[PDB]
Number of protein chains: 2
Amino acid sequence: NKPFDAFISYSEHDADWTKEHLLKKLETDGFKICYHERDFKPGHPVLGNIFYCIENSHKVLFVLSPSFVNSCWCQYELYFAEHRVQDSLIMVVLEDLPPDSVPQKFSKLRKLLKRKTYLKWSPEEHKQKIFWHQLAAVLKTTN
Amino acid sequence: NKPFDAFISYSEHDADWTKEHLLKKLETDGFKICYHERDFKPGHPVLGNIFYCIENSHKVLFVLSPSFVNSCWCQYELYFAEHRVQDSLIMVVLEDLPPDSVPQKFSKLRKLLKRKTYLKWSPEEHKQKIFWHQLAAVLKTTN
């Protein structure tokens, strides 16, 4: 029984979409989210380290796009979650990733993408409505 | 026989000092340095991932200060090096770290600081001259 439903990570390039769509919808619908842009407090002994969100969240959710995979900072975030975290991972593909673009040593993300375990965003309202129900569903699954 | 003598990591707050003093001196004196601000190439299959510098550098050098320890991004960099890398680590204390400020789960940095294995910067020219000779010395040690 973690206090947060998900720790969410996303690239700077995807920040506007994530805040305006993903975060807003999830929080309006009652999910409790931990994310560093809001919840990391530099110098705070509890809130100012990177273990806080992931240790207190049921799921880890990554927003995936080329900008995420090619970002130095996002690769560090991927490394951390891969080595800290399993069924607790949730991948949202916002934009298609070119084949073999994920660095070879990110075995977990590679196998998860290869095995089609992600949810994919769509521009069409009908597919988006399904997306949001399926995202809520996967956030509530066991680990 | 690695192509780079060191992969160097430093906080945004310390970027001016690191480029103007550490990087300039080391490169003027013949050391070959890998650091992401210059050498990470987004999207490049070889140069656009975080494993390139560390895998091709003899040493890993961190510039330490409160701004480093309290930075979300620097904590991710610390996690990566701690789990990837041992004698290959080199800590340069640019500014004193308050006691117990390093998050508890960074065991390696904590034990290394506790055991006084770092080099400390000084404002005094005489101590700086010694610092630079000692930094060159430690960069050339075996791993």
# chains A, B, ... in the order shown; residues from 1 in each chain; ligands from 1

call {"tool": "interface_residues", "arguments": {"of": "chain A", "to": "chain B", "cutoff": "8 Å", "atoms": "only C-alpha atoms", "output": "JSON, numbers by chain"}}
result
{"A": [36, 40, 42, 43, 45, 48, 49, 50, 70, 71, 72, 73, 75, 76, 77, 79, 80, 101, 103]}

call {"tool": "residues_around", "arguments": {"residues": "residue 136 (chain A)", "least_positions_apart": "6", "cutoff": "10 Å", "atoms": "only C-alpha atoms", "output": "ChimeraX atom specification"}}
result
/A:26,29,31

call {"tool": "write_last_selection", "arguments": {"atoms": "C-alpha atoms", "output": "PDB file, in the first residue's frame"}}
result
ATOM      1  CA  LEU A  26      -4.518  11.131 -13.818  1.00  0.00           C
ATOM      2  CA  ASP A  29      -9.229  11.107 -11.812  1.00  0.00           C
ATOM      3  CA  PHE A  31      -4.386   9.032  -8.883  1.00  0.00           C
TER       4      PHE A  31
END

call {"tool": "select_by_dssp", "arguments": {"residues": "region 20-132 of chain A", "states": "helix (DSSP H, G or I)", "output": "PyMOL selection string"}}
result
chain A and resi 20-28+36-39+51-55+66-69+72-84+107-114+125-132

call {"tool": "select_by_dssp", "arguments": {"residues": "chain A", "states": "strand (DSSP E)", "output": "PyMOL selection string"}}
result
chain A and resi 4-9+33-34+57-64+89-93+119-120

call {"tool": "residues_around", "arguments": {"residues": "residue 86 (chain A)", "least_positions_apart": "4", "cutoff": "12 Å", "atoms": "only C-alpha atoms", "output": "number ranges by chain"}}
result
A: 58-60, 81-82, 90, 108-109, 111-112, 117, 142-143

call {"tool": "write_last_selection", "arguments": {"atoms": "N, CA and C atoms", "output": "compact mmCIF listing (two decimals), in the first residue's frame"}}
result
# COMPACT_ATOMS: atom_id res chain seq x y z
N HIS A 58 3.68 2.77 -6.30
CA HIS A 58 3.34 1.42 -6.72
C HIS A 58 3.92 1.09 -8.09
N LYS A 59 3.85 2.04 -9.02
CA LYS A 59 4.32 1.82 -10.38
C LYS A 59 5.35 2.88 -10.74
N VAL A 60 6.15 2.56 -11.75
CA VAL A 60 7.03 3.52 -12.39
C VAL A 60 6.56 3.65 -13.83
N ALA A 81 15.88 3.12 -12.86
CA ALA A 81 14.67 2.33 -12.69
C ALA A 81 14.92 0.88 -13.06
N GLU A 82 15.64 0.65 -14.17
CA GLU A 82 15.98 -0.72 -14.56
C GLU A 82 16.70 -1.46 -13.45
N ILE A 90 5.70 0.70 -16.24
CA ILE A 90 4.65 1.00 -17.21
C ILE A 90 5.25 1.91 -18.25
N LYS A 108 16.22 -4.23 -20.22
CA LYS A 108 14.83 -4.34 -19.78
C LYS A 108 13.90 -3.57 -20.71
N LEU A 109 14.20 -2.30 -20.97
CA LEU A 109 13.36 -1.53 -21.90
C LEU A 109 13.34 -2.19 -23.27
N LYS A 111 13.69 -5.46 -24.11
CA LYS A 111 12.83 -6.65 -24.13
C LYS A 111 11.36 -6.28 -23.97
N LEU A 112 11.07 -5.27 -23.16
CA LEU A 112 9.68 -4.84 -22.96
C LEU A 112 9.09 -4.27 -24.23
N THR A 117 4.80 -4.71 -24.62
CA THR A 117 4.11 -4.60 -23.34
C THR A 117 3.68 -3.17 -23.00
N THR A 142 -1.43 -5.64 -9.72
CA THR A 142 -0.42 -6.03 -8.74
C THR A 142 0.98 -5.97 -9.37
N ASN A 143 2.00 -6.08 -8.51
CA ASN A 143 3.39 -6.08 -8.95
C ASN A 143 4.01 -7.48 -8.93

call {"tool": "closest_residue", "arguments": {"among": "A:19, A:24, A:121, A:110", "to": "residue 93 (chain A)", "atoms": "only C-alpha atoms"}}
result
A:121

call {"tool": "atom_distance", "arguments": {"atom1": "CA of residue 107 (chain A)", "atom2": "CA of residue 5 (chain B)"}}
result
28.0 Å

call {"tool": "decode", "arguments": {"residues": "region 74-119 of chain A", "atoms": "C-alpha atoms", "output": "CSV table (one decimal), in the first residue's frame"}}
result
chain,number,residue,atom,x,y,z
A,74,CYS,CA,16.5,10.1,-19.5
A,75,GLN,CA,19.1,7.4,-20.0
A,76,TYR,CA,20.3,7.9,-16.5
A,77,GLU,CA,16.7,7.7,-15.3
A,78,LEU,CA,16.2,4.5,-17.3
A,79,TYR,CA,19.4,3.0,-15.8
A,80,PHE,CA,18.1,3.8,-12.3
A,81,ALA,CA,14.7,2.3,-12.7
A,82,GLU,CA,16.0,-0.7,-14.6
A,83,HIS,CA,18.4,-1.5,-11.7
A,84,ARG,CA,16.0,-0.5,-8.9
A,85,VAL,CA,12.9,-2.1,-10.5
A,86,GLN,CA,9.4,-6.4,-12.8
A,87,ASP,CA,5.6,-5.8,-13.3
A,88,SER,CA,5.8,-2.4,-11.6
A,89,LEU,CA,7.1,-0.8,-14.9
A,90,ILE,CA,4.6,1.0,-17.2
A,91,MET,CA,5.7,2.3,-20.6
A,92,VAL,CA,3.6,4.8,-22.5
A,93,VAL,CA,4.8,5.3,-26.1
A,94,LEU,CA,4.0,8.9,-27.0
A,95,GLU,CA,5.9,8.8,-30.3
A,96,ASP,CA,7.3,5.8,-32.2
A,97,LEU,CA,10.9,4.8,-31.4
A,98,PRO,CA,13.1,4.0,-34.5
A,99,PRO,CA,14.2,0.4,-34.4
A,100,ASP,CA,17.4,-0.3,-32.4
A,101,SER,CA,17.5,3.3,-31.1
A,102,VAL,CA,17.5,2.2,-27.5
A,103,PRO,CA,21.1,1.7,-26.3
A,104,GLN,CA,22.0,-2.0,-26.3
A,105,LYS,CA,22.7,-2.1,-22.5
A,106,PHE,CA,19.1,-1.1,-21.6
A,107,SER,CA,18.1,-4.8,-21.7
A,108,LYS,CA,14.8,-4.3,-19.8
A,109,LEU,CA,13.4,-1.5,-21.9
A,110,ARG,CA,14.5,-3.4,-25.0
A,111,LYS,CA,12.8,-6.7,-24.1
A,112,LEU,CA,9.7,-4.8,-23.0
A,113,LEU,CA,9.4,-2.9,-26.2
A,114,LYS,CA,10.2,-6.1,-28.2
A,115,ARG,CA,7.4,-7.9,-26.4
A,116,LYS,CA,4.9,-5.1,-27.0
A,117,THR,CA,4.1,-4.6,-23.3
A,118,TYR,CA,3.5,-0.8,-23.7
A,119,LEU,CA,0.5,1.4,-24.1
